[PDB]
Amino acid sequence: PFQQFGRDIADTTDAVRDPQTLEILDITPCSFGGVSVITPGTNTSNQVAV
Amino acid sequence: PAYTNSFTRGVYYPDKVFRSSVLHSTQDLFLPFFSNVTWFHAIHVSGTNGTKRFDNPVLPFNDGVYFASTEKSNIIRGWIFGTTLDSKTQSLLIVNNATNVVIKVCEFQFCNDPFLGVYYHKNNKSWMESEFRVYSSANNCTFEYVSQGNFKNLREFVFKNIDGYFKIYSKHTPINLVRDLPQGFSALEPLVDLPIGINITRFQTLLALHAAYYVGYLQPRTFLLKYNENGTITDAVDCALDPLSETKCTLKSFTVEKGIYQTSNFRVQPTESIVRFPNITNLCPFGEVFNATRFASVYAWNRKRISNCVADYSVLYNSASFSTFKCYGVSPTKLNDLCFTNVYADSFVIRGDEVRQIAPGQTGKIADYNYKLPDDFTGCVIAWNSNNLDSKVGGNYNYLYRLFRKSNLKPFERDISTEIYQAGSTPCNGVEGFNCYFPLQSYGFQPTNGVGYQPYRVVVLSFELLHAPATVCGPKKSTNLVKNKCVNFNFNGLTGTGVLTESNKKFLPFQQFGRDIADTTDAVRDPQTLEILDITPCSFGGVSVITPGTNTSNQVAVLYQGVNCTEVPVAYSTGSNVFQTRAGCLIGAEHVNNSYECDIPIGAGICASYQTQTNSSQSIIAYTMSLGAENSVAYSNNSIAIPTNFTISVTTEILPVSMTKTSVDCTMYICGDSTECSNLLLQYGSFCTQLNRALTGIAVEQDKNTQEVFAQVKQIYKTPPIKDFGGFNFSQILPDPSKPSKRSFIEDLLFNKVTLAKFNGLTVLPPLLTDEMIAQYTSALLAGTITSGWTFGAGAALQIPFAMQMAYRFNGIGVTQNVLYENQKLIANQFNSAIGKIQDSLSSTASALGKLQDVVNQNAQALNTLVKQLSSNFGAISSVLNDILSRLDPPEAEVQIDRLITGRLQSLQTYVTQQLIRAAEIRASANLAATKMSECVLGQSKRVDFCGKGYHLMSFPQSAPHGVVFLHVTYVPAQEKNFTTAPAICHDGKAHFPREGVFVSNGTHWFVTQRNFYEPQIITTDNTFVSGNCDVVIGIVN
Ligand SMILES: *[C@@H]1O[C@H](CO)[C@@H](O[C@@H]2O[C@H](CO)[C@@H](O[C@@H]3O[C@H](CO[C@H]4O[C@H](CO)[C@@H](O)[C@H](O)[C@@H]4O)[C@@H](O)[C@H](O[C@H]4O[C@H](CO)[C@@H](O)[C@H](O)[C@@H]4O)[C@@H]3O)[C@H](O)[C@H]2NC(C)=O)[C@H](O)[C@H]1NC(C)=O
Ligand SMILES: *[C@@H]1O[C@H](CO)[C@@H](O[C@@H]2O[C@H](CO)[C@@H](O[C@@H]3O[C@H](CO[C@H]4O[C@H](CO)[C@@H](O)[C@H](O)[C@@H]4O)[C@@H](O)[C@H](O[C@H]4O[C@H](CO)[C@@H](O)[C@H](O)[C@@H]4O)[C@@H]3O)[C@H](O)[C@H]2NC(C)=O)[C@H](O)[C@H]1NC(C)=O
Ligand SMILES: *[C@@H]1O[C@H](CO)[C@@H](O[C@@H]2O[C@H](CO)[C@@H](O[C@@H]3O[C@H](CO[C@H]4O[C@H](CO)[C@@H](O)[C@H](O)[C@@H]4O)[C@@H](O)[C@H](O)[C@@H]3O)[C@H](O)[C@H]2NC(C)=O)[C@H](O)[C@H]1NC(C)=O
Ligand SMILES: *[C@@H]1O[C@H](CO)[C@@H](O[C@@H]2O[C@H](CO)[C@@H](O)[C@H](O)[C@H]2NC(C)=O)[C@H](O)[C@H]1NC(C)=O
Ligand SMILES: *[C@@H]1O[C@H](CO)[C@@H](O[C@@H]2O[C@H](CO)[C@@H](O)[C@H](O)[C@H]2NC(C)=O)[C@H](O)[C@H]1NC(C)=O
Ligand SMILES: *[C@@H]1O[C@H](CO)[C@@H](O[C@@H]2O[C@H](CO)[C@@H](O)[C@H](O)[C@H]2NC(C)=O)[C@H](O)[C@H]1NC(C)=O
Ligand SMILES: *[C@@H]1O[C@H](CO)[C@@H](O[C@@H]2O[C@H](CO)[C@@H](O)[C@H](O)[C@H]2NC(C)=O)[C@H](O)[C@H]1NC(C)=O
Ligand SMILES: *[C@@H]1O[C@H](CO[C@@H]2O[C@@H](C)[C@@H](O)[C@@H](O)[C@@H]2O)[C@@H](O)[C@H](O)[C@H]1NC(C)=O
Ligand SMILES: *[C@@H]1O[C@H](CO)[C@@H](O)[C@H](O)[C@H]1NC(C)=O
Ligand SMILES: *[C@@H]1O[C@H](CO)[C@@H](O)[C@H](O)[C@H]1NC(C)=O
Ligand SMILES: *[C@@H]1O[C@H](CO)[C@@H](O)[C@H](O)[C@H]1NC(C)=O
Ligand SMILES: *[C@@H]1O[C@H](CO)[C@@H](O)[C@H](O)[C@H]1NC(C)=O
Ligand SMILES: *[C@@H]1O[C@H](CO)[C@@H](O)[C@H](O)[C@H]1NC(C)=O
Ligand SMILES: *[C@@H]1O[C@H](CO)[C@@H](O)[C@H](O)[C@H]1NC(C)=O
Ligand SMILES: *[C@@H]1O[C@H](CO)[C@@H](O)[C@H](O)[C@H]1NC(C)=O
Ligand SMILES: *[C@@H]1O[C@H](CO)[C@@H](O)[C@H](O)[C@H]1NC(C)=O
């Protein structure tokens, strides 16, 4: 009951609480990064891959 | 009186924050632990006796107070929190019972202290007989709010104030124990925080006038805070309280282990600052000028330049001979030690009414034609009247003044010229009168005039702030002589902290300063006397605290790094125990004449430890550092020793093989979906483009090292499930068929030790080989070194029989397969025992993984940095700068974000510099690991003593988070067979030897053997061949 905000070991927001009703919650960042292109040599064809 | 101290209680939650399973050395306002507190007996009298003075429990709100009285009826109601209570501050009233409160903030002008009458036939909650006075003041109500007896509970409350807003903390802990101060801890949570807007300096309790009890204080300390798995305050430790307080603070652990730890440096404060100057005023024109025959007039005010000297004007003030020592622009005080460009001595005579005219902004005939002070108002008035020193009967009008001119005098214009004045039109030519009068008149003053119209002795000082050198400076305040004690000195410009001791040099007249080889302040010469001085910074050094692990008790210790004892706040396990040595002013450790083996060196050769000694025990002992003790094995010219035994000990020295392969979304890291920040960082461009380039180069370089050190052959190999060796087996390292992944137990113990460690751009690139597949490799590597062995080098898993695989390994340090073939069963049994000791140590001594767990520790710590310099906000007050950008006007926001982003680029270049230097060190380590796997696992190097401590017999890879263990199987000799020896034997009148062999007899027979084991044989021409001569050989036997 003494909790209004949250954080975690690495000082990152671990949980936030709806301040109008009390239910467990977590925050996991959406994409976790990552945009790269696995394409073969452009001397070869243009069939791309992501 | 009685002054029993309080327990570890007195704490509240730091602020409006929650954060679980995590420790914090958070800075806020706390009651010091174990500080002496009161035991206030102000309790009621009884019907027949029970009397006492019964004075009031009163301790002013010194930064905060802790309340720990365990009543049994709680008749105390008032909680008077007023800044002063003297009818001028809104004293908030608090009355408490079972968790509900009424609130009022009225003033207080009570009598004595608001008191009641406790008697018979009354007093539980109601009266039926009234009494119980409640009201004593009513002026304003600026804020308000409405909601066996053996120690059933405790009503304790901590009170603190920040920014005016006040936080009540209450927690009615059930403490049935009737013994004493409960040796435990439980914090206090805040119900209502409300902004009274006034200081709190005093709190006082309701009483009456006509058994545990505690009340303490608060100081701006800072605590280590521990929150349990369920997330609540359980135990806390200070920083500045004891040496172990700061030990825990700098290690952020309730379970600190033994060692020295940097805490701070004892910035020994200088006792006094030594102000000093030349010996005398050095010909100041002020002790000689005032007594003069006659002054000059105002139009002819004298000019005696002041320079190349000092003047002490304070002694003039205390001579009480000035009618004015007030300065305009500058102040007469702080005119002493501050000096100006050019100064002049001007002596002359003014009128009392013309004392006004000589002042900034003041006008007059004198101010118009006789003297003007330029509008850069930096001037003074110093004078005294002359009715007693320049009085003359019949009066003196020799003091004149100019009275005709067209405009004002120029700055500092002294005019004596008699240029022909003509305001009018006609040339006067002797016709003088209307519009032709002479431009000179006198003053015509008598001694009998008023003091204003009386003569004045006036000397004014012109303090011009010109571009020329300033050479009229301040007075003397020396006699601050200092010898061998740490002080500050001030030789008018060149300073130095520390001591001023006579030194062994000579000095030169033109010289005044000093220097040294490093071009820093070394010696100074007294301007008032000739003395060959020295200056040395006060103490510096350091404060590295020695202590055993906090699993052991709180016997604390301090150390001063190589500094003389000049600070001794010492006060039967302890006592007057000062001992200075080469380490410096060591404290809290009895000096020991003997020196056992060192554990934790502290500086210059001392190791303070925590062993036990017998005298009639447990204390901190130090000694001059050593290693074990001295050893003395006699080293003749014909004596050897050779081991009849040995050990196969798998020492575990490990190597960081990779890093948490973090990338940086440079723009997004700096600018998490923010428009102008992204724009500006793209405009800066090249910076984070090459930072990303460098970190990608990191990623690729360490995963290619990961490959070559593991996929040395890209062809994977899987260990056959047929684990059959008769004892040589690798149960807890070889993959277990029944396990989920094909790891083994030691991997499990490594993994569950990830207790040392993605929202803020900490983009964790997955390893090219994750747990399961990095294990796939490492298992393949183990399979290769157990089955294919060294021939794994060239892409072909050329299997070899293992029983001869470690035979060739032993030959890798020149050990013939004999000892293996005759001891392999035991060799394997103690191999398994060594592995079991490894697992037991890694499950029982975390320092066994020490350096790798540490390197992972600062990997995570560097990531946490990268996160937390966003807190290092440089002048902003939010983590991500986008809201600061939104907080200012888009041009003004552009301006502020300019230098926030420059600081952020500073942080970027910093972090990447540390990451690159880690990359370099870990890259050398990676090539090291490659060499270990290659020259040490894919074979066996004749390269001695690098595959872990001691020799190398075998080495095994196995996964680790961003690392990899190497089971350094070292050969270490055990026995000492110290019988005689020689270079060779002249058995044929000439030297003898095999490809290599020491000739080491038993006396009974001559024995020849290797040089790492005792496997002797007799001299025989088959092995120990014949070469050399017996002509000049030294130490040989006939
Ligand atoms: C700044 O300028 C002032 C100007 O007066 C100097 O004051 C004089 O300084 C001299 C020497 O500097 C003083 O001579 C003193 O001699 C004493 C020895 O006593 C014998 O000799 C005297 C000579 O008359 C006999 O009468 C006497 O009976 C003895 O036979 C010393 O003990 C004195 O030492 C004191 O002063 C020096 C600094 O001068 C300090 O370092 C010492 O610790 C000690 O305090 C001194 O040498 C003379 O008496 C002074 N007279 C006056 C009127 O001041 C200052 O000395 C000068 N500043 C410095 C640093 O020299
Ligand atoms: C180099 O150093 C290592 C350790 O640093 C040594 O390892 C030790 O090896 C010795 C070899 O003997 C071990 O000694 C033990 O002796 C026991 C004696 O038992 C005999 O005698 C009793 C009567 O006293 C009889 O009842 C018994 O039947 C035997 O006739 C042996 O029994 C021990 O054998 C072990 O295995 C058997 C298997 O069944 C068990 O039953 C036993 O209980 C026992 O566990 C063993 O031989 C000694 O224990 C080893 N050290 C350690 C720490 O274990 C190397 O030997 C040494 N090399 C040299 C050359 O000295
Ligand atoms: C964080 O702290 C919380 C509070 O301390 C922890 O809650 C614990 O949860 C357990 C599990 O239910 C409680 O266990 C017991 O409760 C019984 C009551 O018995 C009666 O009611 C139960 C239903 O609850 C019923 O099945 C029985 O037949 C009875 O009808 C008590 O009698 C037991 O003594 C015990 O209290 C705990 O009470 C509660 N903790 C306690 C003891 O404070 C929570 O789990 C914590 N989280 C952790 C550990 O991380
Ligand atoms: C604890 O104190 C509070 C406040 O003094 C009490 O709350 C009020 O008590 C009065 C009687 O003293 C009632 O008339 C009110 O209805 C109560 N509630 C309010 C004002 O909101 C409370 O009764 C006290 N409880 C105990 C056990 O002493
Ligand atoms: C509060 O205290 C009064 C006394 O001041 C209690 O009165 C007692 O009542 C019991 C009856 O249960 C008598 O046996 C005692 O002799 C009384 N005490 C006297 C007359 O001094 C009252 O019961 C108490 N009430 C509570 C709720 O504690
Ligand atoms: C290696 O050999 C030893 C001894 O022959 C085996 O030790 C067994 O370990 C298990 C572990 O749970 C015990 O339950 C057995 O009692 C031990 N002794 C046996 C089976 O005789 C070990 O299992 C072997 N490991 C491999 C991989 O073969
Ligand atoms: C080798 O050392 C031995 C002893 O350490 C030497 O033998 C004698 O040593 C003592 C003291 O060192 C001398 O007083 C004797 O004169 C030595 N005797 C001889 C015959 O030298 C020995 O000299 C050393 N050198 C060699 C080549 O053996
Ligand atoms: C395209 O490539 C043809 C064959 O080269 C092969 O494929 C490339 C991708 C490389 O892997 C190379 O080592 C292989 O041998 C060429 O015949 C052709 O000329 C190339 N066309 C270009 C380069 O424009
Ligand atoms: C507690 O008692 C000790 C012993 O007399 C005393 O030195 C100390 O000053 C006391 N603490 C106070 C008065 O805060
Ligand atoms: C009553 O108690 C007080 C305690 O302050 C004590 O001094 C006094 O002697 C007691 N009365 C009698 C008659 O003993
Ligand atoms: C204490 O009083 C000063 C008076 O100048 C005031 O400025 C300050 O804000 C007060 N502090 C608190 C916490 O009310
Ligand atoms: C603390 O832990 C070390 C670790 O081995 C141990 O040697 C020591 O005996 C322990 N002492 C106490 C008091 O727990
Ligand atoms: C500390 O004092 C001693 C003598 O008390 C002196 O020899 C030593 O040089 C001093 N330390 C330093 C750093 O000068
Ligand atoms: C030898 O023992 C004495 C007795 O305490 C001690 O004072 C002295 O410092 C010791 N000497 C050394 C070199 O430790
Ligand atoms: C081994 O060294 C000791 C000296 O500690 C010596 O007394 C002994 O004689 C030596 N052994 C042999 C066989 O010479
Ligand atoms: C030396 O000779 C005796 C008698 O043969 C033997 O018992 C002993 O083990 C031998 N020692 C060494 C070190 O060779």
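Next up on the list: the overall build of chain A. Of the regular secondary structure elements, chain A holds zero helices and zero strands. Over its C-alpha trace chain A gives a radius of gyration of 21 Å, far above what one expects of a compact globule, namely 10 Å for 50 residues. The buried share of chain A, reckoned over its 50 residues, is 6%. Total accessible area on chain A stands at roughly 4400 Å², and carbon and sulfur atoms take up 58% of it.

A separate point is the overall build of chain B. Across its full length, chain B carries 14 helices and 40 strands. Against the globule reference of 31 Å for 1038 residues, chain B gives a C-alpha radius of gyration of 45 Å, more extended than a compact globule. Each principal axis of the C-alpha distribution contributes one length, and for chain B these read about 145 × 105 × 75 Å.

With that out of the way, let us pick up helix α6 (residues 675-684) of chain B. Residues and elements named next belong to chain B. Those residues of α6 that fall on the buried side of the exposure criterion are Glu 676, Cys 677, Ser 678, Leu 680 and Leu 681. Among the structural elements, α5 (666-670), α7 (686-710), α13 (882-887) and α14 (890-935) are those in contact with the buried residues of α6. Positive backbone phi, at 65°, marks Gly 685, one or two positions downstream of α6.

Our focus in this paragraph is the packing of aromatic side chains. Residue and element names in this part refer to chain B. All chains considered together, the criterion is met by 41 aromatic pairs over all chains. Arranged with centres 4.8 Å apart and planes meeting at 70°, the rings of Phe 81 and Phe 159 form a pair that is edge-to-face. Exposure remark for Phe 159: the relative accessible area of 2% places this residue in the buried category. Plain terms: the ring middles of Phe 266 and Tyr 560 are 4.4 Å apart, the flat faces sit at 50° to each other, and that makes the pair tilted. On the criterion of sequence distance, the pair formed by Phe 266 in the loop between β13 (259-264) and β14 (273-275) and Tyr 560 in the loop between β28 (543-547) and β29 (579-581) is long-range, its members being 294 residues apart. An identical accessibility class is assigned to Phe 266 and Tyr 560; each is buried. Taken together through their ring pairs, the aromatic side chains of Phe 67, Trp 79, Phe 81, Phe 157, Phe 159, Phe 166 and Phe 203 make up a single cluster. It is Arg 133 that lies over the ring of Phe 115; its NZ or CZ is 4.4 Å from the centre. A cation over an aromatic ring shows up here: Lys 248 above the ring of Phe 254, its NZ or CZ 4.8 Å from the ring centre.

Here we take up the interface of chain B and chain A. Every contact between the two is made by 12 residues of chain B and, on the other side, 13 residues of chain A. Ranking the residues of chain B by area buried against chain A places B:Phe18, B:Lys758 and B:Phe759 at the top, with a combined share of 41%. Linking chain B to chain A there are zero salt bridges. Put simply, chain B and chain A have one residue pair in polar contact between them. Looking at the side of chain B that touches chain A, its residues break down into six nonpolar, three polar and three charged.

Turning next to the packing of helix α10 (residues 802-811) of chain B against helix α11 (residues 817-842) of chain B. Residues and elements named next belong to chain B. The N-to-C vectors of α10 and α11 enclose an angle of 140°; their axes lie 8 Å apart at closest approach. As far as their axial angle goes, α11 and α10 are oblique. By crossing handedness, the relation of α10 to α11 is classed as right-handed. Contacts between α10 and α11 pair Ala 803, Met 804, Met 806, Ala 807, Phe 810 and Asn 811 from the former with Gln 817, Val 819, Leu 820 and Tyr 821 from the latter.

Residues lying three or four places apart along an α-helix face the same way, a consequence of the helix completing one turn every 3.6 residues. Residues and elements named next belong to chain B. Every buried residue belonging to helix α1 (residues 243-251) is among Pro 243, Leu 244, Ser 245, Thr 247, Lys 248 and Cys 249, and all of these are buried. Structurally, α1 contributes buried residues whose contacts are with β11 (223-227), β12 (233-238), β13 and β28. The N-cap residue of α1 is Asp 242: its side-chain oxygen and the backbone nitrogen of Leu 244 are 3.0 Å apart. Directly after α1, the chain includes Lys 252, whose backbone phi takes a positive value near 50°.

All names here are of chain B. Around ligand 4 sit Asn 97, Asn 100, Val 102, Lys 125, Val 146 and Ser 147, and that is every residue in its neighbourhood. In the environment of ligand 4, an oxygen atom lies 2.4 Å from a nitrogen or oxygen atom belonging to the side chain of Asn 97. Within the complex, 40% of the 590 Å² of free accessible area of ligand 4 lies under protein. Residue composition of the shell around ligand 4, grouped by class: two nonpolar, three polar and one charged.

Moving on to the environment of B:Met954. All names here are of chain B. Residue placement: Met 954 occurs in the loop between α14 and β34 (957-960). The class of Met 954 is buried, set by a relative accessible area of 5%. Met 954 sits 15 residues away from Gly 939 along the chain, and the two C-alpha atoms are 8.9 Å apart. Excluding residues within four positions of it along the chain, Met 954 makes contact with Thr 785, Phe 802, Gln 805, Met 806, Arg 809, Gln 940, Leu 967, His 968 and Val 969.

With that settled, consider the pattern of salt bridges. All names here are of chain B. This model, assessed by the stated rule, comprises 10 salt bridges over all chains. In this structure, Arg 276 engages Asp 526 in a salt bridge whose closest nitrogen and oxygen atoms are separated by 3.3 Å. Placement of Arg 276 in the loop between β14 and β15 (304-306) and of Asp 526 in the loop between β26 (501-502) and β27 (533-534) is noted, with a sequence separation of 250 residues between them. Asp 526 matches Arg 276 in its accessibility class, with the two residues each being buried.

This paragraph deals with the sheet that holds strand β22 (residues 456-461) of chain B. Residues and elements named next belong to chain B. A sheet is described by the order of its strands in space; here five strands give the open sequence β15-β18-β22-β19-β17, paired in antiparallel fashion. In the strand order of this sheet, the two ends are held by β15 and β17 (324-328), each with one partner. This sheet shows a mean twist of 20° between the axes of neighbouring strands, independent of strand direction. Sheet topology places β15 next to strand β18 (residues 343-348); three bridges connect them, and they run antiparallel. The residue of β18 that forms the bridge with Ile 306 is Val 343.

All names here are of chain B. At 2.0 Å, the distance between the sulfur atoms of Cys 239 and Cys 249 falls under 2.5 Å, matching the disulfide given in UniProt. In this pair, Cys 239 is assigned in the loop between β12 and α1 and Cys 249 in helix α1, connecting sequence segments 10 residues apart. With respect to class, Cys 239 is no different from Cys 249; both count as buried. Formation of the UniProt-listed bridge between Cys 671 and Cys 677 is supported by an S-S distance of 2.0 Å, under 2.5 Å. Side by side, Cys 671 and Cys 677 carry an identical accessibility label, which is buried.

A few words on the state of the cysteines. One covalent bond between the sulfur atoms of two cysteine residues makes up a disulfide. All names here are of chain B. The final tally for this structure, using the stated rule, is 10 disulfides over all chains. Paired by a disulfide, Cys 666 and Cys 688 hold their sulfur atoms 2.0 Å apart. One end of the pair, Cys 666, is in helix α5; the other, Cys 688, is in helix α7, with 22 residues separating them in the sequence. For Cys 666, a relative accessible area of 9% gives the class buried.

Turning our attention to the nonpolar core. Residues and elements named next belong to chain B. Counting residues in each nonpolar core, the largest one holds 39 residues, and the members touching the most others are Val 650, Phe 730 and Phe 956. At the level of secondary structure, the elements contributing two or more residues to this core comprise β33 (646-651), α8 (745-751), α9 (771-788), α10, α11 and β36 (968-973). Look past the residues within four positions of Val 650 in its chain and what remains in contact with it is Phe 831, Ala 834, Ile 835, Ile 838, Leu 967, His 968 and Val 969. Residues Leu 762, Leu 863, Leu 885 and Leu 900 belong to the second largest nonpolar core, which totals 32 residues.

What counts, and where the lines are drawn
Residues numbered from 1 in each chain as written, not as in the entry; some residues may be left out. Chains lettered and ligands numbered in written order. Part of a larger assembly, values for the part shown. Heavy atoms only, no water. Residues with missing side-chain atoms left out of burial classes, pairs and counts. Helix = DSSP H or I, 4+ residues; strand = E, 2+ residues; numbered from the N terminus. Rg over C-alpha atoms; globule rule 2.2 N^0.38 Å. Buried < 20%, exposed > 50% of the residue type's maximum accessible area, 1.4 Å probe, protein only. Areas by Shrake-Rupley, 256 points an atom, 1.4 Å probe, with all protein chains shown as cover. Contact = heavy atoms within 4.5 Å. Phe/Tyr/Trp six-rings, centres within 6.5 Å; stacked < 30°, edge-to-face > 60°. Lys NZ or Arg CZ within 6 Å of the ring centre and 35° of its normal. Buried area = accessible area lost by both parts, 1.4 Å probe. Salt bridge = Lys/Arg side-chain N within 4 Å of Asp/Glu carboxyl O. Polar contact = N/O pair within 3.5 Å; in protein donor to acceptor, adjacent residues only side chain to side chain. Nonpolar A, V, L, I, M, F, W, Y, C, P; charged D, E, K, R; others polar. Axes fitted to C-alpha atoms, helices over the stretch in contact; angles between N-to-C directions. Parallel < 35°, antiparallel > 145°, perpendicular 65-115°, else oblique. Left-handed = near helix turned anticlockwise from the far one by under 90°. Near = heavy atom within 4 Å. Pairing = 2+ DSSP bridges. Disulfide = S-S within 2.5 Å. UniProt positions renumbered as here; feature names shortened; annotations may be inferred. Core = buried A, V, L, I, M, F, W, Y, C linked by side-chain atoms within 4.5 Å.

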